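So the structure is just underneath, and the comments pick up after that.
One is the number of the first residue; the rest follow in order along the sequence. Start at 1 and go down the list; that is how both ligands and their atoms are numbered.
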Amino acid sequence: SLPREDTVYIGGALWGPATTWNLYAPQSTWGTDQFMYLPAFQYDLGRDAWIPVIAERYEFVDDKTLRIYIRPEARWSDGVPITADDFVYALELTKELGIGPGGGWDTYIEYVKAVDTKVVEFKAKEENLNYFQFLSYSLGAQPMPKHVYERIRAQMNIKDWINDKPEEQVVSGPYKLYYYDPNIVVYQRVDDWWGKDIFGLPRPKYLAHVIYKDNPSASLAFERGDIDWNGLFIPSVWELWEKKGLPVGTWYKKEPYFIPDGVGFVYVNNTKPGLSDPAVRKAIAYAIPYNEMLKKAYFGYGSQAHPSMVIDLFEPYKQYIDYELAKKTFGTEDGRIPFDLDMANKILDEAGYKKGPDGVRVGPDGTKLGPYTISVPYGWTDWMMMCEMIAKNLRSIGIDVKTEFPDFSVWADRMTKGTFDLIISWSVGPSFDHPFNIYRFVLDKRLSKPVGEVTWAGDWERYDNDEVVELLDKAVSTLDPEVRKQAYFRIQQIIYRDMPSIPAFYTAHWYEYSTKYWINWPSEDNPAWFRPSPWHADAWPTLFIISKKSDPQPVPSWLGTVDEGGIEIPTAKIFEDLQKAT
Ligand SMILES: OC[C@H]1O[C@@H](O[C@H]2[C@H](O)[C@@H](O)[C@H](O[C@H]3[C@H](O)[C@@H](O)[C@H](O[C@H]4[C@H](O)[C@@H](O)[C@H](O[C@H]5[C@H](O)[C@@H](O)[C@H](O)O[C@@H]5CO)O[C@@H]4CO)O[C@@H]3CO)O[C@@H]2CO)[C@H](O)[C@@H](O)[C@@H]1O
């Protein structure tokens with residue numbers, strides 16, 4: 001049905017059935033955030049700069065008051081101008097519903113206000129001034145169509161709205177839904193997209209994602225040429241081009257093949273009996289076979305995470321790690337947690353957990369350490385294998401854990417609602433505000449929700465610590481890096497004490513491409529965009545960079561900093577402007 005040469009087929013981004021195209025619903029479908037609803041500015045991790053997208057510029061009124069100027073051209077796909085009211089609406093709705101884009105904004109932002117039709121004003125909250133969050137929530141603000149949502153709300157509960165009618169869909173991005181069924185989701189380019197003159201059009205007319213059940217089936221499709229843009233775990237991926245002579249590639253031609261995405265955690269639900277004990281969580285950390293599982297299950301595609309949660313793959317981040325503390329605590333050369341069952345057993349012994357007749361430990365208050373599950377989505381074979389290795393080792397120390405692999409949608413439900421025991425899941429990655437971003441996402445009770453209520457905003461494990469809140473509130477009250485560092489250092493002490501959840505490995509930014517129909521994919525040799533994975537929040541520029549093999553097009557002129565000839569604003573410039581405005 002779809003013209004092959006005008007379609008990008010995608011793998012590894014959509015797992016389980018389509019759900020909704022509504023960012024205020026408990027679940028939405030891959031492609032909704034990525035391609036349908038764009039931000040004011042798009043952060044460019046690769047260049048540490050910001051693309052003015054829906055916004056054309058900003059101006060600091062003072063260091064705590066930021067105006068964002070919406071492009072005159074920015075217009076919803078139904079013809080209605082994108083206006084400041086749309087920005088206010090999106091954030092106020094998220095606050096009202098307790099779910100939706102920009103969760104947590106009202107903690108660090110005093111107000112968002114429409115000061116003119118095309119001018120939004122954001123004011124930082126002074127009591128707990130945080131310059132990083134001020135910038136994140138403002139520059140990265142996503143508008144949502146007020147005139148559409150107020151309509152839906154008169155008809156039904158917004159949380160129940162599916163938004164699955166292609167003709168009726170109102171979007172700010174260059175794609176909208178075209179067709180879906182239990183086996184596929186397809187998006188079609190919006191040819192009269194508001195951004196067509198400033199950004200050009202993305203090259204593919206259709207984005208199609210067949211819903212594969214597992215990694216092997218998606219891999220089989222990729223090998224035969226039926227997937228152009230892949231975000232999959234693939235065993236021995238180099239064999240695809242080395243041995244099988246396929247026209248496929250990755251970011252790196254050599255080991256490790258993938259750039260890093262962020263931090264993969266073993267999340268441990270703090271609300272569960274047994275798992276609520278810091279001692280038990282610490283024992284679990286020592287029982288994970290880091291090296292062996294990353295070699296065998298993960299094919300060396302990523303390495304062990306530092307327990308500080310800081311991504312030490314990047315030199316500039318190391319200054320934020322208290323290495324002496326980590327080394328002292330864990331007894332290793334760099335402060336990484338060793339795989340040490342003797343230690344895991346000792347920790348449990350000293351916390352008064354004694355093995356019963358069935359070999360499962362029982363605490364002093366009579367709490368048995370099990371039964372528990374460790375769970376990841378069905379078909380995610382690398383994580384599944386990890387889970388088996390972890391579960392076996394936990395069983396050996398007297399924590400009764402068995403693996404369970406439900407459909408993605410069910411897994412996500414249990415994760416977001418905090419009804420899981422153990423899971424492997426993602427967190428956040430490198431960014432201008434790292435590692436504040438990861439402490440905020442993983443440790444901040446303010447982003448969590450009660451057990452039974454969905455949160456995608458953070459703290460799935462329902463960790464609850466008020467000192468961490470205080471530290472986050474003061475960490476960026478000034479831009480002095482020492483203030484930041486000292487807060488991070490104390491947070492690290494708290495992490496090692498409480499083991500709220502376990503940073504385990506640096507997740508791979510899964511990204512493979514076929515050059516059969518589509519060329520000029522980003523890579524080490526063509527590093528045009530540093531977040532090209534099809535599931536990544538920030539993937540969209542990839543679609544403007546590639547072109548048809550039979551109709552090659554030039555590099556987008558807007559990529560690059562202003563000084564280089566593009567339109568991107570370096571982060572340093574934004575901070576300069578902020579400081580100027582004091
Ligand atoms: O290796 C195992 C397995 O991987 C399958 O590829 C996985 C990959 O491993 C995961 O890392 C990748 O995780 C990304 C998710 O796909 C994506 O949905 C999640 O998008 C974030 C987004 O970054 C964030 O901005 C969005 O914040 C909003 C919150 O949702 C709201 O709660 C809050 O209120 O408002 C903000 C908006 O301001 O949240 C979403 C959801 O977390 O980003 C993840 C990390 O990049 O997922 C891939 C699967 O799709 C691979 O396919 C298998 O082959 C392999 O076995």
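Taking every heavy atom of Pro101 and a limit of under 4.0 angstrom, the matching atoms of ligand 1 come to 35 (O), 37 (C), 38 (O). Atoms of ligand 1 found under 4.0 Å from any heavy atom of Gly102 (numbered from 1 in listed order, with element): 35 (O), 36 (C), 37 (C), 38 (O). Under a 4.0 Å criterion applied to the non-hydrogen atoms of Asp382, ligand 1 contributes the atoms 1 (O), 2 (C), 3 (C), 55 (C), 56 (O). Atoms of ligand 1 lying under 4.0 Å from any heavy atom of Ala457, numbered from 1 in the order shown and given with element: 32 (O), 34 (O). Ligand 1 places these atoms under 4.0 Å from at least one heavy atom of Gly231: 6 (O), 51 (C), 52 (O). Close contacts of ligand 1 with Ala13, meaning ligand atoms under 4.0 Å from a residue heavy atom, involve 50 (O). Every atom of ligand 1 is numbered from 1 in the order shown, and the set under 4.0 Å from a heavy atom of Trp383 is 1 (O), 2 (C). Of all the atoms in ligand 1, the ones that sit under 4.0 Å from a non-hydrogen atom of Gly100 are 31 (C), 33 (C), 34 (O), 35 (O).
Under the 4.0 angstrom criterion, atom 34 (O) of ligand 1 counts as having a protein heavy-atom contact. For atom 28 (C) of ligand 1, the nearest protein heavy atom lies 4.0 Å away or farther. Proximity of atom 40 (C) of ligand 1 to the protein is not indicated, since no non-hydrogen protein atom lies closer than 4.0 angstrom. Note that atom 20 (O) of ligand 1 has no protein non-hydrogen atoms nearby, at separations under 4.0 angstrom. Counting protein heavy atoms under 4.0 angstrom from atom 31 (C) of ligand 1 gives one or more. At a distance under 4.0 Å, a protein heavy atom can be found next to atom 16 (O) of ligand 1.
The shortest separation from a heavy atom of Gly262 to ligand 1 is not under 4.0 Å, leaving the residue out of contact. At least one heavy atom of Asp261 sits less than 4.0 Å from an atom of ligand 1.
Checked against the 6.0 Å centroid criterion, the rings of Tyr298 and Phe505 qualify as a close aromatic pair. In this structure, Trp30 has its ring center at least 6.0 angstrom away from the ring center of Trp21.
Atom 47 (O) of ligand 1 has as its closest protein heavy atom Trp535 CD2, 4.0 Å.
Backbone and side-chain nitrogen or oxygen atoms of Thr507 are examined, and none is located within less than 3.5 angstrom of a nitrogen or oxygen of ligand 1.
Contacts between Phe233 and ligand 1 below 4.0 angstrom, taking non-hydrogen atoms only, involve backbone and side chain alike.
Looking at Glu150 and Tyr89, their side chains do bring a donor and an acceptor atom within 3.5 Å of each other. In summary, the side chains of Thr571 and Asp48 do present a donor paired with an acceptor at a separation below 3.5 Å, with no hydrogens or angles considered. A donor and an acceptor atom, one from each side chain of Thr250 and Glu512, are nowhere located under 3.5 Å apart. For the residue pair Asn183 and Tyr212, no side-chain donor N or O sits within less than 3.5 Å of a side-chain acceptor on the partner.
Judged by distance alone, with hydrogens and angles left aside, the side-chain atoms of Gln169 form a donor-acceptor pair with the main-chain N or O of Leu177 at under 3.5 Å.
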Kindly determine whether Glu404 and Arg414 satisfy salt bridge (charged side-chain N to carboxylate O under 4.0 Å, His left out), including the steps that lead there. CA-CA 12 Å; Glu404 189 176 66; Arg414 300 171 173 169; 3.3 Å; yes
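Between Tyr187 and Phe35, the ring planes lie perpendicular to each other; the angle is over 60°, past the 30° to 60° tilted range. Aromatic ring pairs are classed by plane angle as parallel below 30°, tilted from 30° to 60° and perpendicular above 60°; the pair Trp540 and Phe544 is perpendicular. Ring geometry for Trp521 versus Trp229: interplanar angle of 30 to 60°, hence tilted.
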